[PDB]
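Some notes on the structure that comes next.
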Amino acid sequence: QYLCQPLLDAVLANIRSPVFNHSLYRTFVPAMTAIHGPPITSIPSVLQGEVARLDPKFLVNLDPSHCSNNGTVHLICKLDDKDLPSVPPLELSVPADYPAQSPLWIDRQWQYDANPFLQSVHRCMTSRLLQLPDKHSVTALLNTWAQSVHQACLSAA
Amino acid sequence: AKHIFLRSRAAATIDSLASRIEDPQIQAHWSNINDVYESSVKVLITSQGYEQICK
Amino acid sequence: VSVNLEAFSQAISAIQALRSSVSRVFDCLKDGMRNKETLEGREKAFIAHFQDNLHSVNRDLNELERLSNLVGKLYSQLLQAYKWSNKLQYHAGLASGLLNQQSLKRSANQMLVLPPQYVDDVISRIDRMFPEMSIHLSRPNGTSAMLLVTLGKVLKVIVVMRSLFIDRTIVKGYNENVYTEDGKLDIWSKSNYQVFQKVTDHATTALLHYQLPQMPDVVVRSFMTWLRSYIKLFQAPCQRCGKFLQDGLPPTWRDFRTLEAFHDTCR
Amino acid sequence: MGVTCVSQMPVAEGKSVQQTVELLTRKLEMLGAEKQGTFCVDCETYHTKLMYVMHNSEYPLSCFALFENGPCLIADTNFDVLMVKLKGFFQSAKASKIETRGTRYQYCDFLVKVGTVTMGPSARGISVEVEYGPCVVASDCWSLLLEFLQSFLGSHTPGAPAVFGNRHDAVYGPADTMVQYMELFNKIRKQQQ
Amino acid sequence: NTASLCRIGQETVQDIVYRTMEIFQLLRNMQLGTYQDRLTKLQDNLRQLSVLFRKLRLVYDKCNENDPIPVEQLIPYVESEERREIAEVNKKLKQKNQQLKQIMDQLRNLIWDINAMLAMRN
Amino acid sequence: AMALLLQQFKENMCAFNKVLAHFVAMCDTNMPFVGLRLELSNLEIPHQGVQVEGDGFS
Amino acid sequence: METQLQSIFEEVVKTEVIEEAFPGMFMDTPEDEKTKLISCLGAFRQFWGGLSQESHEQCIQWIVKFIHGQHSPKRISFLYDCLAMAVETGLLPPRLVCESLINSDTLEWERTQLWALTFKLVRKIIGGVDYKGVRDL
Ligand SMILES: [Zn+2]
């Protein structure tokens, strides 16, 4: 500001002119040249990474059915835990632009029915997924599945 | 009499520990000035060949 | 005083910055108008870039003037020696500071007795500095050393050392009686105050902390330096909870190598 | 021996002395203080200038002799007997006996004493004493005392007793508390109501 | 005879590091009678450091020639008369240690008794 | 002060009371992660749920 | 007039912030829809009992703005269930709710899950509307 108002006034009163560059060059090239001399001489990566960094209790892979190589992918899950029994596969669908959103779980009510243990698992599952917050990931849901199975097994015996 | 008894048992437990387990070393040094009511020790746990590093 | 050297160096840096800023201003204005894709950004970018250089020039001139207000009032081969000597002490000074931290030794072994005058002169050499500290030595019993250290109008410390190795410490206030009925030093007693008991525990931890393997003088020097910080007690608050009192106790913990007050609960 | 502050708490525009006293004691017990006994402070004036003779239950083997601006003696309990011997040069100045009574609380090296002041049978004031233990230098610890007083009093907090005004490195002693008590007693005997 | 050589080479490595640190410290302690004494001490330390470097080189040259079996192979995961002679030395040493225990507990009791009796002679 | 919530933990020589020590241990060790989770959410970074990694201890 | 309703249906979709930390800690098990819906429909019934003739529509308008304002689609599905047995009992006419749902400007084809769920719900309650309402729909 101070000591430089005339330059600001000159620049503002000169701007958006077709010959501004020519004027500036012709008025300021020679002294600068003389004083100093010459001038200077499919599947998104996030899903692949999160699958790579999951606990070896899970071996999730692509669904043999449904579409592929798109923004929305489908995965089928299997649980291999020595301390827990076998449960339905609990497949998932991943929408496009997975970060900053949440995946959804495809419920299969008839699969979990006809057994008190399996429907106890299912009601604990519904409770936990209602307890999960927004913007959650798939690893959190898988861990919730494992913990719900463990809690149901503990409650049974 | 009480203080004498208590001191002798503390010494015996430290020494039995030193003689029974050898995974970490244990070492004690007693003081040199002493009273009729109090006493002191310094106890120090170190590995057999690493006394300079892990102390 | 050595502040003039730093002031002169800052003035040199300021004038170099001023010259560079003027050159930058004129070169940037000579460069001209750029493209910047769309028209609207092209208009704003040039003005924004032009204002900043002038503002920097004004700021540099203002700070240079602030410094100006702040400032005030065979031989060659000799100088070549001098400018070498101060180049050595600093060069080793860093090298000794970086090798002691990363000690690679594993054990002292491969594959104590001192004259009383040595200890007396070492303790006197400690006593000559720190004018507030006053140290008195005695040997009522054998060769063991009993030292009474008085600090200001606040602290009285009794230290029993076994052949220059510090062994036991008990601290008390100012008005409390430190001598026995016979007149000798009272070794086995308590301070009858919670804060003084807590700082006795702190002193025990400190003496258990400072442990060099083959330099014993630096150990007592560090202990005395740490004990020096306690004179400022009751006037300095904790660095975490702000207030002086926590459960009725003032800050009684002085961190090692960074001597600042702290409450015991604040770690 | 430690630094001591003596002040007067106003009656708070209503109620009686006992209600204010029980409110203060309830606050103290809520903070975490505990009872450890009782205390009493008395004073008498003598004249042929004025002399003051005081006793304190905290120091059970002492008598304090005070002037308005002169020196101060700390004698043993026999001193009053000497006054009884004079009886011809210093009258007792009857109707000038005043006492403060109450109980003392201790909370982690602090001593708090809240008492009632009586002109004999009639009580007309409240006195508050706070004493710190480990510090002997006057004004060195003045911040801790201010913080504690603001802790259990809020408003009505005093500040900077006039005895501290000798801005040196002097050691605070038990004779200064008696000066503060004498000033407080003079203020109460002046205001009345 | 070769494991001892490896341990000696290791130890000489730590001594080399310690001597370098001591050299830098000694250069720091020099402040412009005794200056010749410090200079001779510096020369002695540098020459013994050079001897230590030579010894380390000799040890490395000796141990380099005498790997067929790689690392990470001998780590165990989840999935003749020497012993006879060694035992006697262990038992004998253990017996000696036990004897030292009796002397030590006895001397400490003696010092405790003299401390207790002398503390209150006044 | 106030009060904001209350939860009861599941019920499931001999003078040590090992369960209370274990609860204090895990609570102090694990509560630091809650603030960092909440802050990584608050500044809009996509994270995963706080989880035990590899071995059970960390 | 809406604060009480917002509170009730905020307790419907209540989210505990401290959760997802210390799993398997609270002894209590969260209530299922069989349990959760009965209580919610009773609360919404007592709210509906105290409303006037001219004020019936506006609150419902507000609530659809609340249902589509959530971000987790399954929570929106149980909110749809709340409305489904709200209209089934005759407490709410199954003509105001349909027009309130469809007329919402928050619903476009961009939101796939909302589209599918809302149109299935509209298909569920279409059988009890007079033919004029069907023509408008
Ligand atoms: Zn603190």
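To be explicit about the labels: the chains of the structure tokens are called A, B, and onward in the order shown, and within each one the residues are counted from 1, while ligands get numbers from 1 in the order they are shown.
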
Interface residues on chain C facing chain E, 7 Å, only C-alpha atoms, written as an NGL selection string: :C and (89 or 92-93 or 95-96 or 99 or 104-105)

Using only C-alpha atoms and all ligand atoms, find each residue with an atom at most 9 Å away from ligand 1 and format the answer as a ChimeraX atom specification. /C:237-246,250-251,261-267

Return the neighbours of chain F among the residues of chain A, cut-off 9 Å, counting only C-alpha atoms, as a ChimeraX atom specification. /A:50,54-56,99-100,135-140,143

Taking the DSSP secondary structure from the backbone, can you list the residues of chain A that are strand (DSSP E), as a PyMOL selection string? chain A and resi 61-62+73-76+92-94+104-105

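What separates atom CA of residue 16 of chain E from atom CA of residue 45 of chain B is a distance of 28.4 Å.
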
Quick one, how far is atom CA of residue 253 of chain C from atom CA of residue 190 of chain C?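 Spanning atom CA of residue 253 of chain C to atom CA of residue 190 of chain C is a straight-line distance of 19.5 Å.
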
Please identify the helix (DSSP H, G or I) residues within chain E (assignment by DSSP from backbone atoms) and present them as a PyMOL selection string. chain E and resi 2-29+35-65+81-119

Taking only C-alpha atoms into account, which residues of chain G are within 8 Å of chain A, as a short mmCIF file (atom, residue, chain, number, x, y, z; two decimals) with C-alpha atoms, in the first residue's frame?
data_model
loop_
_atom_site.label_atom_id
_atom_site.label_comp_id
_atom_site.auth_asym_id
_atom_site.auth_seq_id
_atom_site.Cartn_x
_atom_site.Cartn_y
_atom_site.Cartn_z
CA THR G 15 -27.55 -43.51 17.09
CA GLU G 16 -25.24 -43.93 20.07
CA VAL G 17 -21.99 -42.13 19.31
CA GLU G 19 -20.74 -47.33 20.02
CA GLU G 20 -18.49 -49.12 17.49
CA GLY G 24 -20.07 -56.75 23.38
CA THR G 29 -29.82 -56.13 23.64
CA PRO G 30 -31.32 -53.54 21.28
CA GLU G 31 -35.05 -53.92 20.62
CA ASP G 32 -36.28 -55.50 17.38
CA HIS G 71 -28.34 -41.40 4.76
CA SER G 72 -28.55 -45.11 5.62
CA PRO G 73 -31.17 -46.77 3.35
CA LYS G 74 -32.10 -49.66 5.66
CA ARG G 75 -33.03 -47.27 8.48
#

With 12 Å as the cut-off and only C-alpha atoms counted, what is the closest atom pair between each nearby residue of chain B and chain C? Distances in Å to one decimal, ordered by chain and number, as JSON lines.
{"residue": "B:29", "atom": "CA", "partner": "C:167", "partner_atom": "CA", "distance": 11.7}
{"residue": "B:30", "atom": "CA", "partner": "C:167", "partner_atom": "CA", "distance": 11.0}
{"residue": "B:31", "atom": "CA", "partner": "C:167", "partner_atom": "CA", "distance": 8.3}
{"residue": "B:32", "atom": "CA", "partner": "C:162", "partner_atom": "CA", "distance": 7.9}
{"residue": "B:33", "atom": "CA", "partner": "C:144", "partner_atom": "CA", "distance": 8.5}
{"residue": "B:34", "atom": "CA", "partner": "C:188", "partner_atom": "CA", "distance": 9.4}
{"residue": "B:35", "atom": "CA", "partner": "C:188", "partner_atom": "CA", "distance": 7.9}
{"residue": "B:36", "atom": "CA", "partner": "C:188", "partner_atom": "CA", "distance": 10.1}
{"residue": "B:37", "atom": "CA", "partner": "C:188", "partner_atom": "CA", "distance": 9.0}
{"residue": "B:38", "atom": "CA", "partner": "C:188", "partner_atom": "CA", "distance": 8.3}
{"residue": "B:39", "atom": "CA", "partner": "C:188", "partner_atom": "CA", "distance": 10.3}
{"residue": "B:40", "atom": "CA", "partner": "C:168", "partner_atom": "CA", "distance": 9.6}
{"residue": "B:41", "atom": "CA", "partner": "C:167", "partner_atom": "CA", "distance": 10.5}
{"residue": "B:42", "atom": "CA", "partner": "C:208", "partner_atom": "CA", "distance": 9.5}
{"residue": "B:43", "atom": "CA", "partner": "C:208", "partner_atom": "CA", "distance": 11.2}
{"residue": "B:44", "atom": "CA", "partner": "C:208", "partner_atom": "CA", "distance": 11.0}
{"residue": "B:46", "atom": "CA", "partner": "C:107", "partner_atom": "CA", "distance": 11.5}
{"residue": "B:47", "atom": "CA", "partner": "C:107", "partner_atom": "CA", "distance": 10.9}
{"residue": "B:48", "atom": "CA", "partner": "C:107", "partner_atom": "CA", "distance": 10.1}
{"residue": "B:49", "atom": "CA", "partner": "C:107", "partner_atom": "CA", "distance": 7.1}
{"residue": "B:50", "atom": "CA", "partner": "C:106", "partner_atom": "CA", "distance": 5.6}
{"residue": "B:51", "atom": "CA", "partner": "C:107", "partner_atom": "CA", "distance": 5.9}
{"residue": "B:52", "atom": "CA", "partner": "C:106", "partner_atom": "CA", "distance": 4.9}
{"residue": "B:53", "atom": "CA", "partner": "C:106", "partner_atom": "CA", "distance": 5.5}
{"residue": "B:54", "atom": "CA", "partner": "C:106", "partner_atom": "CA", "distance": 8.8}
{"residue": "B:55", "atom": "CA", "partner": "C:211", "partner_atom": "CA", "distance": 10.7}

Next, dump the selected residues to file, keeping only C-alpha atoms, as a tab-separated table (two decimals), in the first residue's frame.
chain	number	residue	atom	x	y	z
B	29	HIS	CA	22.89	-54.52	47.61
B	30	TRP	CA	22.26	-53.61	51.23
B	31	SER	CA	23.04	-50.26	52.76
B	32	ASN	CA	25.95	-49.47	55.03
B	33	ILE	CA	24.49	-47.17	57.68
B	34	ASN	CA	21.71	-48.67	59.73
B	35	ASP	CA	19.54	-47.99	62.77
B	36	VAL	CA	17.47	-49.94	65.29
B	37	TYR	CA	14.23	-49.18	63.41
B	38	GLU	CA	14.98	-48.91	59.67
B	39	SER	CA	17.08	-50.34	56.85
B	40	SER	CA	17.27	-50.19	53.06
B	41	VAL	CA	18.19	-52.12	49.91
B	42	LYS	CA	18.64	-51.56	46.21
B	43	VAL	CA	17.33	-54.32	43.95
B	44	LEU	CA	18.22	-54.49	40.28
B	46	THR	CA	19.34	-57.38	34.56
B	47	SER	CA	20.06	-59.97	31.89
B	48	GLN	CA	23.21	-62.09	32.11
B	49	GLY	CA	25.23	-60.49	29.29
B	50	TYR	CA	23.42	-57.21	28.67
B	51	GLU	CA	23.94	-55.26	31.89
B	52	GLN	CA	24.83	-52.05	30.05
B	53	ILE	CA	21.91	-51.91	27.60
B	54	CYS	CA	18.87	-53.09	29.58
B	55	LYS	CA	18.82	-51.62	33.08

Report as a tab-separated table: every residue of chain C with an atom at most 7 Å from chain D, its closest pair of atoms, and their distance in Å to one decimal, counting only C-alpha atoms, with rows sorted by chain and ascending residue number.
residue	atom	partner	partner_atom	distance
C:173	CA	D:134	CA	6.4
C:234	CA	D:141	CA	5.6
C:235	CA	D:141	CA	6.6
C:244	CA	D:144	CA	6.6
C:248	CA	D:108	CA	5.7

What separates atom CA of residue 92 of chain D and atom CA of residue 57 of chain D is a distance of 21.8 Å

Applying 7 Å and only C-alpha atoms, which residues near segment 56-73 of chain E remain after dropping the ones on its own chain fewer than 3 positions away? List them as a PyMOL selection string. chain E and resi 5+9+12+52-53

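Taking only C-alpha atoms into account, residue 92 of chain A lies nearest to A:60 out of the set A:69, A:79, A:60, A:114.
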